[PDB]
């Protein structure tokens, strides 16, 4: 029952076409799931990581981006510094 | 930017090359192929073989020289030290010069300005926001990071932070003619708490966004703000940006400027005689009207 969706994450000249799916019991991928994927791939904390989609600011952790308008072919910008604790 | 549908073939490449995404990559590649990449020092530009404002000018010219490159450690490694050593009002301009170095470099510039975004000084924060605006200026982006990055600062109460964000959005959406950006910045134009020069900068941003568009709501907001502002404080030294915005919005059109000047005729002579002339010449630029 994985709700797969394709997003093009871009940061620091580095780009990935990620097929991410909802994991934390949600019917659609959400900000929590995307933040978890981002932290697994890189490690930026949710406090200072910045996800930008269509010029819309990501401030609410519970807002579903699938409802906000992410579809296949959509691109998002990741802003932050890769932290290696 | 031409806003079209994906039904066309190779629409992704078309919109990318229209967005100038590969502009920066090609420009750096050709600069390297010319060997013209080394960061040229403002000092050996000055030829010093034989002070706060002078150092500010040195930083500005360094940014001009290294613009669009994004390769300058002078404001990257010890940039925090340089801005701390800097005095009074110039930290904003120093950060904006760093953004000038990083212009057209979306990915690298955003990462190298994210650290300075959380700076302590209000001037440094506003300069970082303006640097972001410069970085995204000219080059178009699919997700358009500037709109989301400038979220609280767009109408932020602090004059300097709001100024930086507004100028950045103007430089970014310059020529975009984006309905969302316009509908977000014109209410900021409508703010009364902002200073006279802040309102002028809002007008400048709106004009550079809607240049050559004849944006009627932008013009009406401009005229309404001019009317609401009292003439005595209007005609001092800074209302000269509202006619500039009008001229940008009606750039290269002509003829219809009679309606704008008739609407503006209510204004007192000292500023009306300037504003109508400015908007007329801007509208009739590139025509040879003897």
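Think of each number as a place in line: the chain as shown, counted from 1.
Method reported for this entry: electron microscopy, 3.6 Å.
Including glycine, each Cβ sits where the backbone N, Cα and C put it.
Straight from Swiss-Prot, the features:
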type	residues	note
REPEAT	B:93-126	repeat 'PC 1'
REPEAT	B:127-163	repeat 'PC 2'
REPEAT	B:164-198	repeat 'PC 3'
REPEAT	B:201-235	repeat 'PC 4'
MOD_RES	B:235	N6-acetyllysine
REPEAT	B:244-273	repeat 'PC 5'
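Look at the repeat 'PC 2' (B:127-163): DSSP puts its residues at 20 helix, 0 strand, 17 coil. Here the repeat 'PC 2' (B:127-163) has Cβ contacts under 8 Å with residues 1, 15, 18-21, 23-24, 91-96, 98-100, 102-106, 109-110, 113, 116-117, 119, 169-174, 176, 180-181, 184-185, 187-188, 191, 193-195, 197-198, 201 of the same chain, all six or more residues outside its ends. Residues in the repeat 'PC 1' (B:93-126) partition by DSSP class (helix H, G, I; strand E, B; coil) as 26 helix, 0 strand, 8 coil.
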